[PDB]
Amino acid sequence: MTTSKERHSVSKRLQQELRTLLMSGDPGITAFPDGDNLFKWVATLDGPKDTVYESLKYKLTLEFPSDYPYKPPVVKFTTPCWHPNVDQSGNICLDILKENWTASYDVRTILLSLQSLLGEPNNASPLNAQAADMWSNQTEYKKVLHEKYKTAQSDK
């Protein structure tokens, strides 16, 4: 029991990240613990401006492992996301969420990066071949995208 300078705990890191996030005020991005659970957040992301995803809103979940921040959280879309790098279950293919993860990244980085990925997909090895293929026609893509988005809301 000497001093107290420089410490750590997952709950502590999550609090600091939740502060920097809320204080930063990035447009179209919101994130808060599921409620009383600090290890499970529910986030909201507005589609990036000047892209076919503009005006669209997506809900996600971020589940923080016992190793955070030395291990990436599990980020999934709860709102169906028709995108080249997203599957039907909502799982995402994002570099920073896998081999590129560094504990120097925060939740803000993940959400800002993901928001931008919507308008900047990586059609190399797609989780959604139909979206990857249709990306070359932005007029038809916007049509299909908004159809499914509206239909997902109407149906269950």
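Numbering starts at 1 and runs along the sequence shown.
Mean CA B-factor, 40 to 48 versus 23 to 31: the higher value falls on 23 to 31. Of the two stretches examined, 97 to 105 and 66 to 74, the record assigns the greater average C-alpha temperature factor to 66 to 74. Of all the options 125, 61, 116, 89, the entry's greatest CA B-factor is assigned to 125.
In the PDB entry, a CA B factor belonging to the lowest third of its chain's modelled residues is recorded for residue 140.
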